[PDB]
Amino acid sequence: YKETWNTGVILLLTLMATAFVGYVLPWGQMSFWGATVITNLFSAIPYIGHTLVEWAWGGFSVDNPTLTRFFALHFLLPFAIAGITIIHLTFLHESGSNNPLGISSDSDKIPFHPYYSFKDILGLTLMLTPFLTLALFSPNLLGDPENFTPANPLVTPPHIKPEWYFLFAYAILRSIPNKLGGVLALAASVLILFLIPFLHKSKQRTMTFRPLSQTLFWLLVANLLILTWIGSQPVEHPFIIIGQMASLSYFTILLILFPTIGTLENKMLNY
Amino acid sequence: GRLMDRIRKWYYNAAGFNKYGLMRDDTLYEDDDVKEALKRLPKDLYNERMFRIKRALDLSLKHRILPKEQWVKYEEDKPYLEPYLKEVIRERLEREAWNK
Amino acid sequence: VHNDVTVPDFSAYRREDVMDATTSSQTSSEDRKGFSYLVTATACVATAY
Amino acid sequence: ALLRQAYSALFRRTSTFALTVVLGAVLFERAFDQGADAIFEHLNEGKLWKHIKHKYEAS
Amino acid sequence: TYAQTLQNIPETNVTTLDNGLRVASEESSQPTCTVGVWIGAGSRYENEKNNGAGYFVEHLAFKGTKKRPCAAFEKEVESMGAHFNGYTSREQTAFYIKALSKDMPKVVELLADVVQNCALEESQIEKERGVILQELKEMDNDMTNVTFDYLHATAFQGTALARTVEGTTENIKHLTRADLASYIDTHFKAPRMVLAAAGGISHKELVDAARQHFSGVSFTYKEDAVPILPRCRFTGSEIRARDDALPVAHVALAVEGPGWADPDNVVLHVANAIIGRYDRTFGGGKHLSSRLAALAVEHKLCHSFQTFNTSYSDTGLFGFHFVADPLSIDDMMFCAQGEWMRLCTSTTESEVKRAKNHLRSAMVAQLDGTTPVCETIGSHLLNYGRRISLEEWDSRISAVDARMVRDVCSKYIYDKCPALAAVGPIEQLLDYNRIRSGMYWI
Amino acid sequence: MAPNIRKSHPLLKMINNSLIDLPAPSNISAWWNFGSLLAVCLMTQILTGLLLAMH
Amino acid sequence: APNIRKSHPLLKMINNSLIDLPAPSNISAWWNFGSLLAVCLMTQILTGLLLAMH
Amino acid sequence: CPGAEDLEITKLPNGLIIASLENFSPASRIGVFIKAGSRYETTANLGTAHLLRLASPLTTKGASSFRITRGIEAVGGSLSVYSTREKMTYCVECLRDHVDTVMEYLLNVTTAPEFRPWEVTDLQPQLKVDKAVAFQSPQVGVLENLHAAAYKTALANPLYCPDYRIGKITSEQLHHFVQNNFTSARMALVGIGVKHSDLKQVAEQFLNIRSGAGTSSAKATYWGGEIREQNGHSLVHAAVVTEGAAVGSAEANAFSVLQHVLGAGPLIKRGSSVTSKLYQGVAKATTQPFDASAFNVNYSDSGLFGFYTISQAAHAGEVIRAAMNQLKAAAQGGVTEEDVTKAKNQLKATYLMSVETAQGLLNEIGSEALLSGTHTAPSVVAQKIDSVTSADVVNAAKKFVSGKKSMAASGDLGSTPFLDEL
Ligand code: HEM
Ligand code: HEM
Ligand code: HEM
Ligand SMILES: COC(=O)CNC(=O)CCC/C=C\NC(=O)c1ccc(Cc2ccc(I)cc2)cc1
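Report on the accompanying structure.

Definitions and cut-offs
Residues numbered from 1 in each chain as written, not as in the entry; some residues may be left out. Chains lettered and ligands numbered in written order. Part of a larger assembly, values for the part shown. Heavy atoms only, no water. Residues with missing side-chain atoms left out of burial classes, pairs and counts. Helix = DSSP H or I, 4+ residues; strand = E, 2+ residues; numbered from the N terminus. Rg over C-alpha atoms; globule rule 2.2 N^0.38 Å. Buried < 20%, exposed > 50% of the residue type's maximum accessible area, 1.4 Å probe, protein only. Areas by Shrake-Rupley, 256 points an atom, 1.4 Å probe, with all protein chains shown as cover. Axes fitted to C-alpha atoms, helices over the stretch in contact; angles between N-to-C directions. Parallel < 35°, antiparallel > 145°, perpendicular 65-115°, else oblique. Left-handed = near helix turned anticlockwise from the far one by under 90°. Contact = heavy atoms within 4.5 Å. Nonpolar A, V, L, I, M, F, W, Y, C, P; charged D, E, K, R; others polar. Donors = N, O, S within 2.8 Å, 3.2 Å for Na, K, Ca; no water. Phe/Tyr/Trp six-rings, centres within 6.5 Å; stacked < 30°, edge-to-face > 60°. Buried area = accessible area lost by both parts, 1.4 Å probe. Salt bridge = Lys/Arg side-chain N within 4 Å of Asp/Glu carboxyl O. Polar contact = N/O pair within 3.5 Å; in protein donor to acceptor, adjacent residues only side chain to side chain. Pairing = 2+ DSSP bridges. Patch = residues over 30% accessible without salt bridge, like charges linked within 9 Å, V, L, I, M, F, W, Y side chains within 5 Å. Near = heavy atom within 4 Å. Core = buried A, V, L, I, M, F, W, Y, C linked by side-chain atoms within 4.5 Å.

### Observations regarding the overall build of chain F
Next, step 1: Helices and strands together make up the secondary structure of chain F, namely two helices and one strand.
Next, step 2: When the helices and strands of chain F are listed from N to C terminus, the series reads α-β-α.
Next, step 3: For 55 residues, the compact-globule estimate of 2.2 N^0.38 gives 10 Å, and the C-alpha radius of gyration of chain F, at 17 Å, exceeds that figure by more than 25%.
Next, step 4: Taking the principal axes of its C-alpha atoms as reference, chain F extends roughly 50 × 30 × 10 Å.
Next, step 5: By the burial criterion, 22% of the 55 residues in chain F qualify as buried.
Next, step 6: Accessible area for chain F stands at about 4200 Å²; split by element, carbon and sulfur atoms hold 74% of it.

Below is the structure:
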């Protein structure tokens, strides 16, 4: 469902950007050094590089102007997300929801209400429990403590790692030992989602009926888990090499192993 | 030797769409060609394909499968569509190369 | 009948170059348009700036 | 005829119409700016720093 | 071979009489044949007071002469099996007879007798008056035509071309023996008439008859002069006749044509072949080669549509007419204007290769029988000023290629204010501007 | 006109045309839930967000 | 199908509410304020952010 | 460089008649005439003839619905099917240098149709349409009824699939209609602008479907009844006829002459046609606009003959009655030995002009070339025409007033008469 999907990706991208700015507001040590490293990422583009950054910071280095405009950004973006979510959902409604078996379902559909309105209220409470359980019994588990120290533009902390949801990226950016390479690898580490739709070779729609693909799929998941962990670790042996591999393997499973297994599969059904 | 055959048969039981009573061609993703083919299906063959799916869907919703004795067997699987499809495709392939 | 019907007189509003029902309107087109198009094209420049 | 030559080589092909507004505006700006600046610096003679400048610009 | 069967067709012969008449004909072997006088007359030559002469005449040209009244005329003709028919456009009237090559002479005599010694009985006119008036209450319900007239009526608006051939209701109610006379007198003159025929006739044998009945030589240079006509101004515009009570709606769009002479008309017809025409019954269906035809089918766009290249002495109309349901006029119009653009911007060598071969055989079928072959000569001499052989027509077509078309169509279509005429329950189509806007880019 | 006021109201029709009468595969699993959660998630961040931004 | 201005679930909107929108052939200038108000809003918001950024 | 030629006509073993004729026109026109039609239809498979006619563009074992249309349009060709109650005619036209290719399809269409279940059911709704257009002419509505009101079978079957059967015809039904009719012995491969040495090489080396009269047609039983259709319409159409002659049966030429003797159409635009007994005969009774003429059809094992009127509803009666009295006063020595001499030219003429249009010629050559595998020179036909006596005519006119008559109408038949009142 290409359109429903592509919007999805844009959405993800926005959320990613949104959290980034939100995180800087508290103006902690990370906030800062985070704000300093991430924006600096655009400085990888040649020509309009160093210059683009300037708007970002609103200066010649991170300072107030940055902070206030980030607050503006953060205040605004969410709404944009809510807006695109409308497009996302609106596109979806032209085709109906997909389904686990990957075959027509017209032959039997049911009203969202009360079948799914009820299924969801429950789903919501099943996820709400852990999330409250953390935010009520272990508030700081997922959060770095280094950020309890007011930003100091003079001292970058020794043990620096982004909040968990950015580790895989982090790991890849750290995998390639080149300003640009890292950036690019990064850029594509996510931008690749746009390709998934054109890398579909199986005659069937879901994996439910493709054990091969399935194994490869879970291999990818786990592959991701590692990359995350690797981001949690410092640049040293073995980690460096492990990171490097996992990245290669991430990109490869997506760009070559899926399409290749996908085809092979068909021939094994005699299509 | 009987390798390919040995293989195919395995994969077939592997994918396991039989567990749901679905023939190989029931699980085909419906692109434009397939859509077209399905419309060319003889009244009954279609009404039958229909049931099978509306029945498989009912299963997936209940989370259950068919008792062992009602599963499709690799050799008794009828490719009721493969021929109609190859024709749609062979037909299309023409229109396309002819527009040059 | 569809015969007792004729296009009224649009001379009050016609552009001078095509007011005489005996001269091809095709010679004086290049202009009639080049102009209105020049107004247009200019406005576009004004906007741009 | 200018208008005809105009309509033929410019306002006709939608592609060149645009190409004109561009190269066109360009000149317009460059020119307009000068005028207004001049019409202004003229209406305020001897009052702008650009006029007083030499009384302190040790040169 | 095609190329050769083309050059065997007997060169068409021509000779003039020192009075203005011109005689031509193509000899064959057929025992039967057709002959006729092709007058360069019509409503285009009429004025505000006499709109309806060429018609009122065409109506009495078959009710007798002074030599042999009503019965006698018909009787003598029927009794030899010949067929006498005629017509009268805006700028070309014609009277012609089909009969056995044996009666070649006796025929010409008759033709010469209608054109020159037309009866015009006062009892007959006041009778053909009530009839024309009827052929109107009827011709009025032929939308296709109610439209094409309106198209003229505003495309050439204000000029003479912009008139109905059947003429006004008032005129046909008041024309007088007198007025009819003049029309005949002032218009049916030898230097402007053409004796054409085809069949198993000898050229000499034909002309000979002419010399005998189409005599009456002239004295002053005045009589040997072809009155040149006042140009007709094209005017981009529209005329909308609404009646949501009609089943379908007819629309017709057009640009100013080039005029008979122009060698471009060839290119244009080659184009018009690319888009061709379509109509409900076409067994072709979704596989037809005409993009518009195809789309027209795919989306139930219209009951029928057609391309046309009406040509005249100095000008002409070029466009298309389609009939559709009140709820598809739009989509249709749109698809069309697009195909027009496509022409001007990306016509391919294949699109034209086919178009050519089509036009080719269309023109060949224009010469299917004696009557139509004749009509080709009557019209050729009177318009082109000679006879254009299929060998020629063909070569002129073999010349056309993509580039050619693209330039010509751009030349006559691209960004031109169009003439629009719509009839029926036409609400869905609604804007000259918007339409104008559809005359460029695509 | 229209009978019930849930299909003809240019507003109410929407909550009913996209959240109630909406046709859904009789068999979508739990992995289809995240859709909503993500929405409730957004709508919720925004609340805590303003409340926060107010200080 | 046919044109991509009436079947695109997005483009159709800008075309279904801003181009093919049927309007009385005779609304005056007191009907213009509608848009202006809109342009006014969108415009305030721009200067607004720009400002809020300082 | 070209000149004159001769008309050849071979006849293969299986019975496939081949008629050639090179007239060096820049364009050829090949065709396949066949003893087919809605005369071999049984109650159970009606209209299957009709649909078969529109099913012409449908895929064959050697060409797709697509490639057939695009392949033919690519050369500026044309493909059309023409059929009577008892004869189908498939024929393409085109330029000489292309005939080669247009043939493949002409062949494939008539010899190897696949009649795919879908292409078919997807084409049936057309019948509803194709039929609706034709019927805009009341001219055709009254003819359908006549035939059915003048017959018990075969010829009584309608030319346009009846309404009830639209959409119920099958692929099976079509097929058995081809396998059982389009057999080599009922087929004729007639062609113009072609070398007989080629129009031949095709028929034999390429044609298949075996021979045999396939399925004989139900002998035409004459009925003779009336069908009156009240429809409120402004004009009343009507045709009263009686068994006429058959095809090639000397006794026809008489009617064919008695046809012209009563006036069978106009020859002068907006005319009065005095050489028309019938016409003139009616004008001397009616005051308002009307029209009447001589009806005449010749079928292999039967035929019809009479007159056809059209008039305002109020005068409908007298106009028809006058149509009769004018036929009696004609069946009783009121035919000048000279009227007969005239109708002979009109007939010699009409015929002769029908050979002008390539289409008109390919039809004369064909009909003959299929019903006998012969071709009667134009001087022989004109001979069998004047070989008519004033008696044969006065008799034709008599064979009418005695036998059982069949009638057909349509319109406000409020003041129109019944058959039993003539
Ligand atoms: C704020 C962003 C997002 C929100 C709140 C959101 C919400 C939704 C909702 C409500 C659904 C329907 C129910 C469901 O199937 O879960 C949906 C469907 C879907 N979304 Fe998202 N979405 C978001 C992000 C994305 C992203 C990042 C992707 C992936 C690039 C994506 C891809 C899809 C797709 C493919 C579907 C189809 C569902 C199906 O398979 O039936 N969405 N989304
Ligand atoms: C788009 C969904 C949202 C996401 C993903 C998000 C995420 C975050 C993050 C990562 C932080 C830093 C939290 C921390 O200090 O540990 C934050 C802070 C903040 N966000 Fe949001 N936020 C969202 C929406 C908003 C909105 C809509 C507002 C209100 C316009 C808002 C207002 C703030 C404020 C005031 C802070 C600073 C105070 C604080 O750090 O607690 N946020 N947000
Ligand atoms: C809804 C349309 C808007 C109206 C009617 C409006 C009106 C105003 C008014 C009355 C003021 C005080 C102006 C003054 O100091 O003289 C103001 C200030 C301000 N507005 Fe807005 N505003 C609008 C939208 C916004 C938006 C969308 C933002 C950005 C979220 C914004 C940001 C600001 C800022 C930063 C100030 C304070 C600085 C200043 O006073 O110049 N405004 N606005
Ligand atoms: C939640 O915020 C954070 O975790 C930000 N804080 C930090 O990254 C703290 C440490 C700063 C140092 C290095 N960071 C990175 O190299 C880094 C690299 C990539 C990303 C992902 C990301 C990219 C663009 C964009 I736009 C967003 C994300 C995020 C961080």
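Having seen the structure, we can now continue with the description.
### So, the packing of helix α12 (residues 339–353) of chain H against helix α14 (residues 378–386) of chain H
Residue and element names in this part refer to chain H.
Next, step 1: Where α12 contacts α14, the axes come no closer than 10 Å and their chain directions differ by 150°. One element, α12, and the other, α14, form an angle in the roughly antiparallel class. Crossing geometry of α12 relative to α14 is assigned as right-handed. Here α12 contributes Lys344, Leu347, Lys348 and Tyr351 to the contact with α14, which in turn contributes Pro378, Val381, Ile385 and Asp386.
Next, step 2: Grouping the amino acids of the contact of α12 with α14 by side-chain chemistry returns five nonpolar, no polar and three charged.

### Considerations on the coordination of the iron atom of ligand 2
Next, step 1: Within the protein, a single donor atom binds the iron atom of ligand 2, namely A:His74 (NE2) at 2.0 Å.
Next, step 2: As for its position among the elements, A:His74 is in helix α4 (residues 64–95).

### Regarding the packing of aromatic side chains
Next, step 1: For the structure on display, the rule yields 47 aromatic pairs over all chains.
Next, step 2: Seen from their ring centres, A:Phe112 and A:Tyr116 are 6.4 Å apart, and the 50° between their planes marks the pair as tilted. Remark: A:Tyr116 and A:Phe112 occur in helix α5 (residues 112–137); sequence separation between them is four residues, near one turn of the helix. The same class applies to A:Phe112 as to A:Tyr116, namely buried.
Next, step 3: Between E:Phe320 and E:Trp340, the ring centres sit 5.0 Å apart and the planes meet at 80°, which makes this aromatic pair edge-to-face. Note that E:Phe320 is positioned in strand β11 (residues 316–324) and E:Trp340 in helix α12 (residues 329–346), a separation of 20 residues in sequence. Accessibility classification places E:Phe320 together with E:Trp340 in one group, the buried group.

### Brief notes about the interface of chain H and chain E
Next, step 1: Chain H puts 41 residues into the contact, and the matching count from chain E is 45 residues.
Next, step 2: Interface area for chain H against chain E, summed over the two sides, is near 3800 Å², with a carbon-plus-sulfur share of 57%.
Next, step 3: Counting across the interface, chain H meets chain E through four salt bridges.
Next, step 4: In this structure, H:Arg270 engages E:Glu135 in a salt bridge whose closest nitrogen and oxygen atoms are separated by 3.2 Å.
Next, step 5: Between the two partners, chain H and chain E, sit 21 residue pairs in polar contact.
Next, step 6: For the side of chain H that touches chain E, the secondary structure elements donating two or more residues are α2 (65–73), α5 (125–134), α12 and α13 (358–371) of chain H.
Next, step 7: For the side of chain H that touches chain E, the element with the most residues is α12(H), which contributes six residues.

### As for the side chain of E:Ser43
Next, step 1: Its location among the elements puts E:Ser43 in the loop between β3 (32–37) and α2 (53–60).
Next, step 2: With near-sequence residues (within four places) excluded, E:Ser43 lies in contact with E:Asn51, E:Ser89, E:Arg90, E:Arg163, E:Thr164 and E:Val165.

### Here we look at the sheet that holds strand β7 (residues 237–242) of chain E
Residues and elements named next belong to chain E.
Next, step 1: With respect to topology, six strands assemble into an open sheet ordered β7-β12-β8-β11-β10-β9, the strand pairing being mixed. For this open sheet the edge positions go to β7 and β9 (278–279), each flanked by a neighbour on one side alone.
Next, step 2: Sheet topology places β9 next to strand β10 (residues 304–311); two bridges connect them, and they run antiparallel. Bridge assignment links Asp279 to a residue of β10, and that residue is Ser304.
Next, step 3: Packing of helix α6 (residues 143–155) onto the sheet brings it into contact with β7, β8 (249–256), β10, β11 and β12 (419–424), and relative to β12 it is tilted by some 145°.
Next, step 4: On top of the sheet, α12 reaches β8, β10, β11 and β12; it is set at about 145° to β11, its chief contact.

### Focus: a nonpolar patch on the surface
All names here are of chain G.
Next, step 1: Taken together, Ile27, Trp30, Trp31, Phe33, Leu36 and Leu37 make up a surface patch of nonpolar side chains, about 750 Å² in accessible area.
Next, step 2: Positionally, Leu37 belongs in helix α2 (residues 33–52).
Next, step 3: On the accessibility criterion, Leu37 (59% relative accessible area) is exposed.

### What about the site of ligand 1?
Next, step 1: In the vicinity of ligand 1 there are 18 residues, among which A:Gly8, A:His88, A:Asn98, F:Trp32 and F:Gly35 approach most closely.
Next, step 2: More than one chain reaches ligand 1: the nearby residues come from chains A and F.
Next, step 3: A distance of 2.8 Å separates an oxygen atom of ligand 1 from a polar backbone atom of A:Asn98.
Next, step 4: Contacts to ligand 1 include F:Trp32, whose side-chain N or O atom sits 2.7 Å from an oxygen atom.
Next, step 5: Sorting the residues of the shell around ligand 1 by element identifies α1 (2–24) and α4 of chain A together with α2 (34–53) of chain F as the ones contributing at least two each.
Next, step 6: The leading source of residues in the shell around ligand 1 is α1(A), at six residues.
Next, step 7: Of the residues assigned to the shell around ligand 1, the class counts are ten nonpolar, eight polar and no charged.

### Some words on the site of ligand 4
All names here are of chain A.
Next, step 1: Inspection of the region around ligand 4 gives 14 residues, with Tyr23, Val37, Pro162, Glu163 and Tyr165 positioned closest.
Next, step 2: Between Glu163 and ligand 4, the recorded distance is 3.0 Å, taken from a backbone N or O atom to an oxygen atom.
Next, step 3: The protein chains hide 90% of the 690 Å² of surface that ligand 4 would expose on its own.
Next, step 4: Going through the elements one at a time, α1, α2 (29–39) and α6 (167–175) are the ones with two or more residues in the shell around ligand 4.
Next, step 5: Sort the elements by how many residues they give to the shell around ligand 4 and α2 lands first, with four residues.
Next, step 6: Grouping the amino acids of the shell around ligand 4 by side-chain chemistry returns twelve nonpolar, one polar and one charged.

### Remarks on the coordination of the iron atom of ligand 1
Next, step 1: When only protein atoms are considered, the iron atom of ligand 1 has one donor, A:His88 (NE2), at a distance of 2.0 Å.
Next, step 2: Locating A:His88 in the fold gives a position in helix α4.

### Observations regarding unusual backbone geometry
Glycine aside, a negative phi is what most residues show, and trans is what most peptide bonds show.
Residues and elements named next belong to chain A.
Next, step 1: Here the residue pair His113 and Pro114 is connected by a cis peptide bond, since its omega of 0° sits within 30 degrees of zero.
Next, step 2: Within the element layout of this structure, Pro114 appears in helix α5.
Next, step 3: With an omega dihedral of 0°, the bond running from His237 to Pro238 counts as a cis peptide bond.
Next, step 4: Its place among the elements puts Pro238 in the loop between α8 (211–232) and α9 (239–267).

### Describing the nonpolar core
Next, step 1: Grouped together as the largest cluster of nonpolar side chains are 57 residues, with contacts concentrated most on E:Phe305, E:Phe322, E:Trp340 and E:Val405.
Next, step 2: The residues contacting E:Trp340, other than those within four sequence positions of it, are E:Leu253, E:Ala254, E:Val255, E:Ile275, E:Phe318, E:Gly319, E:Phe320, E:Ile413 and E:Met439.

### Section: the pairing of strand β9 (residues 235–243) of chain H
Put simply, side chains in a regular strand alternate between the two faces of the sheet.
All names here are of chain H.
Next, step 1: Burial of β9 is extensive: seven of the nine residues sit out of reach of the surface.
Next, step 2: With nine bridges joining them, β9 and strand β11 (residues 302–312) adopt antiparallel strand pairing. Paired with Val240 across the strands is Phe307, a residue of β11.
Next, step 3: Bridging between β9 and strand β12 (residues 405–410) involves six bridges; their strand directions are antiparallel. Within β12, the residue paired with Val241 across the bridge is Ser406.

### Brief notes about the sheet that holds β3(E)
By definition, the strands of a sheet pair up through backbone hydrogen bonds, in either a parallel or an antiparallel sense.
Residues and elements named next belong to chain E.
Next, step 1: Pairing is mixed in the open sheet, where six strands are placed in the order β1-β2-β6-β3-β5-β4. Both edges of this open sheet fall to β1 (13–16) and β4 (83–88), since each of them pairs with a single strand only. The mean angle between the axes of side-by-side strands here comes to 15°, regardless of whether they run parallel or antiparallel.
Next, step 2: Alignment of strand β2 (residues 22–27) against strand β6 (residues 194–199), held across six bridges, turns out to be parallel. Counterpart to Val23 in the pairing with β6 is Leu195.
Next, step 3: Against the sheet, α2 touches β4 and β5 (93–100), its axis set at about 170° to β4.
Next, step 4: Contacting β3, β4, β5 and β6, helix α4 (residues 104–115) runs over the sheet at an angle of about 155° to β5.

### So, the pattern of salt bridges
Residue and element names in this part refer to chain E.
Next, step 1: Enumeration according to the criterion identifies 60 salt bridges over all chains in this entry.
Next, step 2: Here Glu109 makes a salt bridge to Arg68, at a shortest N to O gap of 2.6 Å. With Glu109 in helix α4 and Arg68 in the loop between α2 and α3 (70–78), this pair connects stretches of sequence that are 41 residues apart.
Next, step 3: On the accessibility criterion, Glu109 (15% relative accessible area) is buried.

### A closer look at the arrangement of the chains
Next, step 1: Contacts are most numerous, across the eleven pairs of chains in contact, for chains E and H.
Next, step 2: Left apart from each other, chain B and chain D have a closest C-alpha approach of 28 Å.

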